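File shown: input11.cif. Contents: mmCIF, C-alpha atoms and all ligand atoms.
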```cif
data_structure
loop_
_atom_site.label_atom_id
_atom_site.label_comp_id
_atom_site.auth_asym_id
_atom_site.auth_seq_id
_atom_site.Cartn_x
_atom_site.Cartn_y
_atom_site.Cartn_z
CA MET A 1 29.46 41.11 -13.89
CA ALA A 2 30.00 40.25 -17.56
CA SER A 3 29.94 43.44 -19.57
CA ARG A 4 27.91 42.16 -22.57
CA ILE A 5 24.77 40.10 -23.13
CA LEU A 6 24.24 37.70 -26.04
CA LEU A 7 21.53 38.63 -28.56
CA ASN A 8 19.63 36.24 -30.91
CA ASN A 9 21.76 37.23 -33.86
CA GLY A 10 24.91 35.98 -32.12
CA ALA A 11 26.16 39.51 -31.36
CA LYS A 12 27.07 40.76 -27.88
CA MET A 13 25.46 43.96 -26.56
CA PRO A 14 27.15 46.03 -23.81
CA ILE A 15 24.92 46.08 -20.75
CA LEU A 16 25.72 49.76 -20.04
CA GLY A 17 25.11 52.36 -22.69
CA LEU A 18 24.90 56.13 -22.95
CA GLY A 19 21.48 57.69 -23.44
CA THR A 20 21.13 60.76 -25.67
CA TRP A 21 17.55 62.04 -25.35
CA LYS A 22 17.79 65.77 -24.30
CA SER A 23 21.52 65.86 -24.97
CA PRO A 24 21.60 69.14 -26.90
CA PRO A 25 23.49 69.26 -30.16
CA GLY A 26 25.77 71.89 -28.78
CA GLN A 27 26.83 69.52 -25.92
CA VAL A 28 26.35 65.93 -27.08
CA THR A 29 29.50 65.67 -29.23
CA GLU A 30 31.67 66.25 -26.17
CA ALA A 31 29.50 63.91 -24.10
CA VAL A 32 29.96 61.05 -26.53
CA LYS A 33 33.71 61.72 -26.85
CA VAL A 34 34.16 61.59 -23.08
CA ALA A 35 31.92 58.51 -22.84
CA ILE A 36 34.07 56.66 -25.37
CA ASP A 37 37.25 57.76 -23.58
CA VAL A 38 36.04 56.38 -20.24
CA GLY A 39 34.82 53.08 -21.65
CA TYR A 40 31.29 53.32 -23.01
CA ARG A 41 30.87 51.26 -26.14
CA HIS A 42 27.05 51.37 -26.47
CA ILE A 43 25.24 54.59 -27.47
CA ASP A 44 21.44 54.80 -27.53
CA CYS A 45 20.24 57.19 -30.24
CA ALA A 46 17.08 58.13 -32.07
CA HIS A 47 16.06 60.31 -35.01
CA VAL A 48 13.45 62.05 -32.84
CA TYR A 49 16.20 63.27 -30.47
CA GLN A 50 17.36 65.73 -33.15
CA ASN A 51 21.05 65.20 -32.34
CA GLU A 52 22.18 62.19 -34.36
CA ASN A 53 24.46 64.32 -36.56
CA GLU A 54 26.35 65.51 -33.47
CA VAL A 55 26.54 62.00 -32.03
CA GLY A 56 27.93 60.92 -35.39
CA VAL A 57 30.59 63.67 -35.27
CA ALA A 58 31.88 62.30 -31.98
CA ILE A 59 31.94 58.69 -33.16
CA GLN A 60 33.73 59.72 -36.35
CA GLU A 61 36.34 61.70 -34.45
CA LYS A 62 37.10 58.80 -32.07
CA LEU A 63 37.36 56.34 -34.96
CA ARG A 64 39.74 58.78 -36.79
CA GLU A 65 41.81 59.23 -33.54
CA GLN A 66 42.19 55.43 -33.30
CA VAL A 67 40.57 55.28 -29.85
CA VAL A 68 38.08 52.58 -30.87
CA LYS A 69 37.24 50.56 -33.94
CA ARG A 70 33.76 50.35 -35.36
CA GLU A 71 33.35 46.68 -34.48
CA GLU A 72 33.79 47.53 -30.77
CA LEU A 73 30.93 50.00 -30.73
CA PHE A 74 27.27 49.07 -30.36
CA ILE A 75 25.13 51.82 -31.88
CA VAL A 76 21.38 51.73 -31.45
CA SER A 77 18.79 53.91 -33.13
CA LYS A 78 15.02 53.90 -33.53
CA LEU A 79 12.39 54.31 -36.25
CA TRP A 80 10.15 57.24 -35.38
CA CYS A 81 6.37 56.93 -35.37
CA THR A 82 5.85 59.03 -38.52
CA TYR A 83 7.80 56.46 -40.59
CA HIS A 84 5.84 53.25 -39.93
CA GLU A 85 4.64 52.89 -43.52
CA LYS A 86 6.54 50.10 -45.20
CA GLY A 87 7.67 52.49 -47.98
CA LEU A 88 9.17 54.96 -45.53
CA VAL A 89 11.20 52.61 -43.24
CA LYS A 90 14.33 52.22 -45.35
CA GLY A 91 14.66 55.94 -45.93
CA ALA A 92 14.27 56.66 -42.23
CA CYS A 93 16.98 54.14 -41.42
CA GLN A 94 19.29 55.56 -44.10
CA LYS A 95 18.76 59.09 -42.82
CA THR A 96 19.84 57.92 -39.35
CA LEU A 97 22.84 56.12 -40.85
CA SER A 98 23.82 59.24 -42.84
CA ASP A 99 23.48 61.49 -39.78
CA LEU A 100 25.46 59.07 -37.61
CA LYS A 101 28.05 58.72 -40.46
CA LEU A 102 27.75 54.93 -40.18
CA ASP A 103 27.27 52.14 -42.70
CA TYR A 104 25.30 49.92 -40.30
CA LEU A 105 23.51 50.01 -36.96
CA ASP A 106 24.05 47.30 -34.37
CA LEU A 107 20.38 47.50 -33.38
CA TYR A 108 17.37 49.32 -34.82
CA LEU A 109 14.16 49.54 -32.83
CA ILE A 110 10.56 50.40 -33.61
CA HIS A 111 10.47 53.38 -31.19
CA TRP A 112 6.77 53.00 -30.29
CA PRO A 113 4.07 50.59 -31.51
CA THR A 114 1.98 53.58 -32.63
CA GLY A 115 2.22 54.89 -36.19
CA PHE A 116 1.60 58.61 -36.68
CA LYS A 117 0.58 60.49 -39.80
CA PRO A 118 3.62 60.93 -42.05
CA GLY A 119 4.98 64.40 -42.50
CA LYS A 120 7.54 66.79 -41.10
CA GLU A 121 6.09 67.10 -37.64
CA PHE A 122 7.16 64.43 -35.15
CA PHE A 123 3.93 64.79 -33.16
CA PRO A 124 1.18 65.65 -35.69
CA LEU A 125 -1.86 66.77 -33.70
CA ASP A 126 -5.39 67.62 -34.75
CA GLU A 127 -6.97 70.90 -33.84
CA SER A 128 -8.11 69.37 -30.54
CA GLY A 129 -4.70 68.05 -29.46
CA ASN A 130 -5.09 64.37 -30.33
CA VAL A 131 -2.25 62.69 -32.20
CA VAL A 132 -3.16 61.89 -35.77
CA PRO A 133 -2.53 58.17 -36.36
CA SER A 134 -1.42 56.45 -39.51
CA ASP A 135 -3.07 53.50 -41.12
CA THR A 136 -0.17 51.22 -40.24
CA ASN A 137 0.05 48.08 -38.13
CA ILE A 138 2.76 46.45 -36.10
CA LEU A 139 3.19 43.39 -38.33
CA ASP A 140 3.71 45.26 -41.57
CA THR A 141 6.16 47.65 -39.88
CA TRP A 142 8.01 44.64 -38.50
CA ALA A 143 8.29 43.09 -41.95
CA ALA A 144 9.85 46.35 -43.20
CA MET A 145 12.36 46.23 -40.28
CA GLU A 146 13.26 42.69 -41.30
CA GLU A 147 14.19 43.91 -44.77
CA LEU A 148 16.80 46.19 -43.19
CA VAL A 149 18.58 43.17 -41.74
CA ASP A 150 18.41 41.34 -45.08
CA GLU A 151 19.97 44.38 -46.81
CA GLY A 152 22.78 44.75 -44.29
CA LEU A 153 21.76 48.16 -42.95
CA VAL A 154 21.24 46.85 -39.40
CA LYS A 155 22.57 43.78 -37.59
CA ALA A 156 19.58 43.26 -35.29
CA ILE A 157 16.09 44.63 -34.92
CA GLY A 158 13.86 45.10 -31.92
CA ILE A 159 11.04 47.01 -30.38
CA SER A 160 10.49 49.64 -27.70
CA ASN A 161 7.48 50.38 -25.51
CA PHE A 162 5.69 47.23 -26.66
CA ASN A 163 3.35 45.56 -24.20
CA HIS A 164 3.33 41.79 -23.97
CA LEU A 165 0.37 41.37 -26.33
CA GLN A 166 2.17 43.54 -28.91
CA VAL A 167 5.35 41.48 -28.52
CA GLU A 168 3.23 38.32 -28.89
CA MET A 169 1.73 39.64 -32.15
CA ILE A 170 5.20 39.74 -33.68
CA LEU A 171 6.27 36.42 -32.21
CA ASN A 172 3.20 34.74 -33.61
CA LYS A 173 3.54 36.04 -37.19
CA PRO A 174 3.70 32.75 -39.34
CA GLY A 175 6.25 34.01 -41.79
CA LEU A 176 8.35 35.76 -39.12
CA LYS A 177 11.90 36.16 -40.44
CA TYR A 178 13.66 37.63 -37.36
CA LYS A 179 12.51 37.60 -33.76
CA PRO A 180 12.90 40.90 -31.94
CA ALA A 181 16.27 40.87 -30.19
CA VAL A 182 15.41 43.55 -27.61
CA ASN A 183 12.42 45.30 -26.03
CA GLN A 184 13.51 48.68 -24.65
CA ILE A 185 11.13 49.80 -21.89
CA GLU A 186 11.01 52.23 -19.00
CA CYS A 187 12.30 50.57 -15.83
CA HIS A 188 13.40 51.82 -12.43
CA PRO A 189 12.44 51.31 -8.76
CA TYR A 190 9.12 53.12 -9.19
CA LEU A 191 8.20 51.07 -12.33
CA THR A 192 9.87 47.72 -11.84
CA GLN A 193 8.18 45.92 -14.77
CA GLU A 194 8.26 42.47 -13.16
CA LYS A 195 5.62 40.92 -15.43
CA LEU A 196 6.86 42.34 -18.73
CA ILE A 197 10.48 41.52 -17.91
CA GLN A 198 9.54 37.93 -16.99
CA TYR A 199 7.59 37.65 -20.21
CA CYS A 200 10.32 39.02 -22.45
CA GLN A 201 13.12 37.07 -20.78
CA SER A 202 11.04 33.86 -21.06
CA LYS A 203 10.83 34.53 -24.83
CA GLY A 204 14.55 35.07 -25.25
CA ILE A 205 14.21 38.84 -25.74
CA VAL A 206 16.74 41.06 -23.99
CA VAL A 207 15.26 43.96 -22.05
CA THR A 208 16.84 47.41 -22.00
CA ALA A 209 15.82 49.71 -19.14
CA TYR A 210 15.39 53.34 -20.12
CA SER A 211 14.98 56.32 -17.79
CA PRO A 212 16.80 54.39 -15.03
CA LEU A 213 17.35 57.62 -13.06
CA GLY A 214 13.74 58.67 -13.44
CA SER A 215 14.37 61.18 -16.23
CA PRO A 216 14.41 64.25 -13.93
CA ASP A 217 15.08 66.45 -17.04
CA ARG A 218 11.85 65.25 -18.80
CA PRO A 219 9.86 68.22 -20.20
CA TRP A 220 6.52 67.33 -18.58
CA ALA A 221 7.80 66.87 -15.04
CA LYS A 222 5.63 68.36 -12.26
CA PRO A 223 7.23 69.50 -9.03
CA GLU A 224 5.14 67.08 -6.98
CA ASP A 225 6.27 64.06 -8.97
CA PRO A 226 8.37 61.42 -7.25
CA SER A 227 12.13 61.85 -7.66
CA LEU A 228 14.32 58.74 -7.67
CA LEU A 229 17.61 60.55 -7.47
CA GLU A 230 16.45 62.44 -4.36
CA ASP A 231 14.79 59.48 -2.64
CA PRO A 232 16.35 59.35 0.83
CA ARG A 233 15.84 55.57 1.01
CA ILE A 234 17.94 55.05 -2.12
CA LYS A 235 20.46 57.56 -0.86
CA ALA A 236 20.85 55.38 2.26
CA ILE A 237 21.53 52.27 0.17
CA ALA A 238 24.12 54.22 -1.84
CA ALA A 239 25.85 55.57 1.27
CA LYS A 240 26.20 52.05 2.65
CA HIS A 241 28.13 51.10 -0.50
CA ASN A 242 30.06 54.36 -0.74
CA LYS A 243 28.43 54.97 -4.10
CA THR A 244 26.12 57.60 -5.49
CA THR A 245 22.38 57.24 -5.82
CA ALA A 246 22.80 57.22 -9.60
CA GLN A 247 25.34 54.38 -9.36
CA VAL A 248 22.86 52.33 -7.34
CA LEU A 249 20.10 53.05 -9.85
CA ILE A 250 22.34 51.90 -12.72
CA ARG A 251 23.58 48.77 -10.95
CA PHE A 252 20.02 47.73 -10.01
CA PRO A 253 18.86 46.78 -13.55
CA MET A 254 22.26 45.25 -14.32
CA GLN A 255 21.63 42.69 -11.56
CA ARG A 256 18.23 41.84 -13.14
CA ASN A 257 20.02 40.82 -16.38
CA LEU A 258 18.90 44.00 -18.09
CA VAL A 259 20.77 46.44 -20.29
CA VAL A 260 20.64 50.02 -18.95
CA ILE A 261 21.16 53.36 -20.74
CA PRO A 262 21.55 56.31 -18.31
CA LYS A 263 21.82 59.69 -20.01
CA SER A 264 24.17 62.49 -19.14
CA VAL A 265 25.92 65.35 -20.93
CA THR A 266 27.95 66.28 -17.84
CA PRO A 267 31.46 64.83 -18.14
CA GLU A 268 31.87 64.10 -14.43
CA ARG A 269 28.55 62.27 -14.36
CA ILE A 270 29.26 60.34 -17.56
CA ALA A 271 32.41 59.03 -15.86
CA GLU A 272 30.68 58.37 -12.51
CA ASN A 273 27.85 56.48 -14.14
CA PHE A 274 30.25 54.02 -15.73
CA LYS A 275 31.85 53.07 -12.39
CA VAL A 276 29.29 50.38 -11.59
CA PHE A 277 31.21 47.18 -12.29
CA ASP A 278 33.16 47.19 -8.95
CA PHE A 279 30.35 46.73 -6.36
CA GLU A 280 27.34 44.52 -5.84
CA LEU A 281 23.89 45.25 -4.42
CA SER A 282 22.91 42.67 -1.82
CA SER A 283 19.81 40.41 -2.00
CA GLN A 284 18.25 42.68 0.56
CA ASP A 285 19.13 45.81 -1.42
CA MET A 286 17.54 44.27 -4.52
CA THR A 287 14.40 43.31 -2.61
CA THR A 288 14.22 46.76 -1.05
CA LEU A 289 14.59 48.55 -4.41
CA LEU A 290 11.99 46.28 -6.04
CA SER A 291 9.63 47.09 -3.15
CA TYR A 292 9.53 50.78 -4.16
CA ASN A 293 7.43 49.96 -7.23
CA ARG A 294 4.42 52.24 -7.66
CA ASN A 295 3.65 51.52 -11.30
CA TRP A 296 4.67 55.12 -11.90
CA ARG A 297 5.59 55.91 -15.50
CA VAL A 298 7.50 58.94 -16.60
CA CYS A 299 7.17 58.34 -20.35
CA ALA A 300 3.50 58.58 -21.18
CA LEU A 301 1.76 61.17 -23.39
CA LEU A 302 -1.86 62.13 -23.02
CA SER A 303 -2.24 63.18 -26.66
CA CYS A 304 -1.43 59.62 -27.77
CA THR A 305 -3.71 57.72 -25.40
CA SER A 306 -6.54 57.18 -27.93
CA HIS A 307 -4.22 55.67 -30.53
CA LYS A 308 -5.36 52.14 -31.26
CA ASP A 309 -1.88 50.82 -30.47
CA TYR A 310 -1.11 52.94 -27.40
CA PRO A 311 0.79 50.46 -25.23
CA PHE A 312 -0.06 51.37 -21.62
CA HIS A 313 -3.71 50.46 -21.31
CA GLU A 314 -2.79 46.74 -20.87
CA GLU A 315 -1.61 45.61 -17.47
CA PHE A 316 1.76 44.72 -19.02
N1 LIG A 401 12.69 54.09 -26.12
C1 LIG A 401 12.07 55.15 -25.58
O1 LIG A 401 10.91 55.48 -25.81
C2 LIG A 401 12.90 55.96 -24.59
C3 LIG A 401 12.25 56.76 -23.65
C4 LIG A 401 13.00 57.43 -22.69
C5 LIG A 401 14.36 57.29 -22.65
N2 LIG A 401 15.01 56.53 -23.65
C6 LIG A 401 16.48 56.43 -23.68
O2 LIG A 401 16.94 56.20 -22.36
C7 LIG A 401 17.90 57.25 -21.99
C8 LIG A 401 17.88 57.47 -20.53
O3 LIG A 401 16.61 57.96 -20.07
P1 LIG A 401 16.32 59.52 -19.79
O4 LIG A 401 17.19 60.37 -20.64
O5 LIG A 401 14.84 59.66 -19.91
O6 LIG A 401 16.69 59.77 -18.27
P2 LIG A 401 17.71 59.20 -17.15
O7 LIG A 401 18.85 58.58 -17.79
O8 LIG A 401 16.87 58.43 -16.19
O9 LIG A 401 18.07 60.57 -16.43
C9 LIG A 401 18.85 61.59 -17.15
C10 LIG A 401 18.91 62.78 -16.24
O10 LIG A 401 19.73 62.45 -15.06
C11 LIG A 401 20.79 63.38 -14.93
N3 LIG A 401 21.93 62.62 -14.40
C12 LIG A 401 22.67 61.73 -15.08
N4 LIG A 401 23.62 61.17 -14.34
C13 LIG A 401 23.45 61.74 -13.11
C14 LIG A 401 24.18 61.57 -11.91
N5 LIG A 401 25.23 60.77 -11.80
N6 LIG A 401 23.78 62.37 -10.87
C15 LIG A 401 22.73 63.20 -11.00
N7 LIG A 401 21.98 63.42 -12.07
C16 LIG A 401 22.42 62.66 -13.13
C17 LIG A 401 20.99 63.96 -16.30
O11 LIG A 401 21.57 65.26 -16.20
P3 LIG A 401 22.72 65.81 -17.20
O12 LIG A 401 22.56 65.13 -18.53
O13 LIG A 401 22.45 67.29 -17.24
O14 LIG A 401 24.03 65.48 -16.53
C18 LIG A 401 19.60 63.99 -16.86
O15 LIG A 401 18.89 65.15 -16.39
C19 LIG A 401 17.45 58.40 -22.90
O16 LIG A 401 18.40 59.46 -22.97
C20 LIG A 401 17.18 57.68 -24.20
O17 LIG A 401 18.45 57.38 -24.80
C21 LIG A 401 14.26 55.86 -24.57
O1 LIG A 402 13.64 58.89 -25.41
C1 LIG A 402 12.48 59.15 -25.68
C2 LIG A 402 11.59 60.05 -24.83
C3 LIG A 402 10.39 60.32 -25.72
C4 LIG A 402 10.56 59.18 -26.81
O2 LIG A 402 9.71 58.96 -27.62
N1 LIG A 402 11.79 58.64 -26.73
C5 LIG A 402 9.08 60.00 -25.06
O3 LIG A 402 8.98 59.04 -24.33
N2 LIG A 402 7.97 60.84 -25.29
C6 LIG A 402 6.68 60.36 -24.73
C7 LIG A 402 5.90 59.56 -25.74
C8 LIG A 402 6.10 59.58 -27.13
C9 LIG A 402 5.34 58.83 -28.01
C10 LIG A 402 4.33 58.01 -27.48
BR1 LIG A 402 3.32 56.96 -28.66
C11 LIG A 402 4.10 57.92 -26.14
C12 LIG A 402 4.90 58.72 -25.32
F1 LIG A 402 4.72 58.60 -23.97
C13 LIG A 402 8.03 62.04 -25.95
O4 LIG A 402 7.01 62.71 -26.06
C14 LIG A 402 9.30 62.45 -26.52
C15 LIG A 402 9.37 63.69 -27.22
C16 LIG A 402 10.55 64.08 -27.87
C17 LIG A 402 11.63 63.24 -27.74
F2 LIG A 402 12.79 63.62 -28.33
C18 LIG A 402 11.63 62.06 -27.05
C19 LIG A 402 10.44 61.65 -26.44
#
```

Would you mind writing the file's structure down as structure tokens?
Amino acid sequence: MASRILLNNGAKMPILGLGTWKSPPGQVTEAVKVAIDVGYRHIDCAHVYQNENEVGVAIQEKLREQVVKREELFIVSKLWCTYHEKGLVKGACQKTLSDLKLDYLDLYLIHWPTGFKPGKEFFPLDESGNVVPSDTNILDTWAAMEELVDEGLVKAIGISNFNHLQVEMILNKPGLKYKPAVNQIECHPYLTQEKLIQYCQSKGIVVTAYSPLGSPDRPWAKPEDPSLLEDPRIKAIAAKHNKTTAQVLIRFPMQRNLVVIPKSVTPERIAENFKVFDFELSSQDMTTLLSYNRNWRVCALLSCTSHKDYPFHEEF
């Protein structure tokens, strides 16, 4: 298994990265330091995670210690929904760069296709609990992302949580300057995304799988929800390979030519999760894992379901 995948800008993206959603500031600096020490070179960040300063601390320390050089790292961040207005995009990117202590991002994503009312609150709600949209649209936000590439702030741009019609809208823009390099989407054995992955890969867009472990730590989890990491069928596949369930869940998307970004702040798990380049899932294992699909999505938000651009009404 080759460790990097070629993007449309000629750059190579590591297929395994470290996720940072719900990595608390008081723990994420150590997580990123350990990750770099054990071989991670891709870190998935976002302004909405409220920890970019502490991620940046770790990166800065490992650059100063001469453990890695900047060109070897692949740092991803994302434009939050309250910054979709064309006049707000650059500032949002520069805030992320300042927090991360970087002079460029390797990849910058539109975090969701939905623009929200600008302001301090990340999730601005009306008095009845509905998200308050902004009068923004995907194509104008994309054009503002393109300017970031032209100014050297980011090397590549992409999208996240876009359905295929939303991807198509960008692809079909006449004066398109840059195609999206990546679509980052939820993907795991309970949400295998066959149709959207086929679509994106057919269009030369690399897919990154988020929540590959099923995001057990997500704040809206209900005790009756399915649990990937505790699924005895997946456990049995892992035992056959003398691997952990998490290792199987990370290797699975890798064998579908996806990038994958498992999150941990636990040093032993950060190290375990990287040890996925030394075994292979069989054809039968892959078929079995794909067969667990239930179209079950962990990242969904009821308050956002009436937004005009909410992505999950479409089949894919
Ligand atoms: N673009 C988007 O809209 C979007 C949405 C969701 C996620 N993401 C990105 O994708 C990343 C990954 O998704 P996620 O954070 O939702 O969840 P995940 O990676 O599926 O699961 C993370 C959870 O698994 C635990 N864990 C990690 N390794 C483990 C192991 N070896 N054994 C047992 N438990 C283990 C973690 O615990 P500890 O940390 O306590 O060890 C944490 O509770 C995010 O952090 C974020 O970077 C992006
Ligand atoms: O990595 C992540 C997890 C994520 C996130 O955004 N990126 C997340 O999917 N959701 C759910 C969500 C947000 C916005 C829209 Br639109 C739909 C939706 F399902 C959240 O509410 C959320 C809340 C605070 C976060 F720091 C991260 C999230």

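Of the residues listed (A:307, A:111, A:218, A:188), A:188 shows the shortest atom-to-atom separation from residue A:234; distances use only C-alpha atoms.
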
(message) as a ChimeraX atom specification, please: every protein or nucleic acid residue near ligand LIG 401 (chain A) (cut-off 8 Å, counting only C-alpha atoms and all ligand atoms).
(response) /A:18-23,43-46,78,111-112,160-161,184-186,209-218,229,244-247,260-270,272-273,299

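Using all atoms listed in the file, the nearest neighbour of ligand LIG 402 (chain A) within the list A:47, A:4, A:120, A:256 is A:47.
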
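Atom pair atom CA of residue A:300 / atom CA of residue A:29 has a distance of 28.1 Å (rounded to one decimal).
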
(message) Please list, as number ranges by chain, the residues that have an atom at most 12 Å away from (18.4, 67.4, -36.2) in the coordinates of this file, counting all atoms listed in the file.
(response) A: 23-26, 45-56, 95-96, 98-100, 120, 122

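Going from atom CA of residue A:11 over to atom CA of residue A:200, you cover 18.2 Å.
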
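For the choices A:134, A:192, A:172, A:282, the atom-to-atom distance to ligand LIG 402 (chain A) is smallest for A:134 when using all atoms listed in the file.
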
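Atom pair atom CA of residue A:257 / atom CA of residue A:17 has a distance of 14.1 Å (rounded to one decimal).
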
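Between residue A:312 and the residues A:164, A:177, A:41, A:275, the shortest atom-to-atom distance, using all atoms listed in the file, involves A:164.
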
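Minimum atom-to-atom distances from A:313, A:203, A:251, A:86 to residue A:279 were compared using only C-alpha atoms, and the lowest value belongs to A:251.
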
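Of the listed residues A:77, A:288, A:276, A:146, the one whose atoms come nearest to ligand LIG 402 (chain A) is A:77, with distances taken using only C-alpha atoms and all ligand atoms.
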